[PDB]
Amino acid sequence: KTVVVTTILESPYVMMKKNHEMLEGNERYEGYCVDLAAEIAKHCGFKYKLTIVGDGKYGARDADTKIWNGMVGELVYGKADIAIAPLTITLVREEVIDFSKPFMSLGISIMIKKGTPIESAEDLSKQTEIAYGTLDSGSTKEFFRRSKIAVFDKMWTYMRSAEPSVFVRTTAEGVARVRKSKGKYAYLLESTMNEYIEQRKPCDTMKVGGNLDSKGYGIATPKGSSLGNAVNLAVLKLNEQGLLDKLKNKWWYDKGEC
């Protein structure tokens, strides 16, 4: 049968082609995860359908209703067979879905508007003039929520009670907030997305300091799915054959504008 692939509109992972309206099915999209999905399916020998996650979310469990939203929810509730997206491997998610070995490394990082007097998470935590936040329903927000590290707990105490909200609905909203806030907003996001934006016009943002953590994106499947084993072996093969390195260069650096 045709494998239902859940994914998310996040640059440069998955984007609508400029002429998408004249195209059909998988042909409407382009990006790192579109190329990776095609390679995994070809190596595993399956037909697939890319579907954009209905709620536009990565995946979090609602504290009250206990329902998973986002791509994680699409896998948990049987709406999709596999997630091929910049989906972070986390302990809470691994308890409900399976992940392949990581296909890409990343860490939480700081995005500033160029010229902002901030060099680290410690600098953000020790001041009040520059506001800062994260994506409202992903792994970055959960990292701060759960952190027992002094600087990060201090950052979370501030973010959770900041008014108006420092949290954003999408990466693009966070980026637009940095760009329009004249250096008064810094955005906390994954190093991969931060490095991509730093290489795009208007070239007015920058990644500053080291990463706050070290983790990876994994291809996700429903718990105990038969696809899990084959997909993990495909990620290992593609890494060893240099495909993953070739795709990162194609989507980040080969088409850099700065």
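Throughout, we count residues from 1 along the sequence that is shown. Rigid core: the largest C-alpha set superposing within 1.5 Å between the two forms.
Report task. Find the stretch among 70-78 and 117-125 with the larger RMS C-alpha deviation in 4 other deposited structures of this protein, all structures being superposed on the shown form by the rigid core. Result -> It is 117-125 whose C-alphas lie farther from the shown form in 4 other deposited structures of this protein.
Query raised in the report: Is 26-34 or 198-206 the stretch whose C-alphas end up farther from this model in 4 other deposited structures of this protein after a rigid core fit?
Result: The more displaced stretch in 4 other deposited structures of this protein turns out to be 198-206.
Query - Entry-level comparison of average CA B-factors, 149-157 and 71-79, reporting the higher stretch - result: Taking the mean B-factor of the alpha carbons in each, 149-157 is higher.
Query raised in the report: 200-208 versus 215-223: which one carries the higher mean Cα B factor per the record?
Result: Between 215-223 and 200-208, it is 200-208.
Query - Selection from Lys126, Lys101, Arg93, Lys113 [criterion: highest C-alpha temperature factor in the record] - result: So the option with the highest C-alpha B-factor is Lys126.
**Report entry** Residue selected from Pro86, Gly107, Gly133, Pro164 by maximal Cα B factor
**Finding:** So the option with the highest C-alpha B-factor is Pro164.
**Report entry** Record-listed C-alpha B factor of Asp64: chain third
**Finding:** Its C-alpha B-factor, which the entry lists for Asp64, ranks in the highest third among residues of this chain.
**Report entry** Third assignment of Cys258 from its chain's C-alpha B-factors
**Finding:** For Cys258, the deposited C-alpha B-factor lands in the highest third.
Query raised in the report: So where's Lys237 on the chain's Cα temperature factor ranking, which third?
Result: It belongs to the lowest third of the chain when residues are ordered by C-alpha B-factor.
Query raised in the report: Taking the C-alpha B-factors as the PDB entry records them, is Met15 in the lowest, middle or highest third of its chain?
Result: Middle third.
Query raised in the report: What third of its chain's C-alpha B-factors does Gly45 belong to: lowest, middle or highest?
Result: Its C-alpha B-factor belongs to the highest third of this chain's values.
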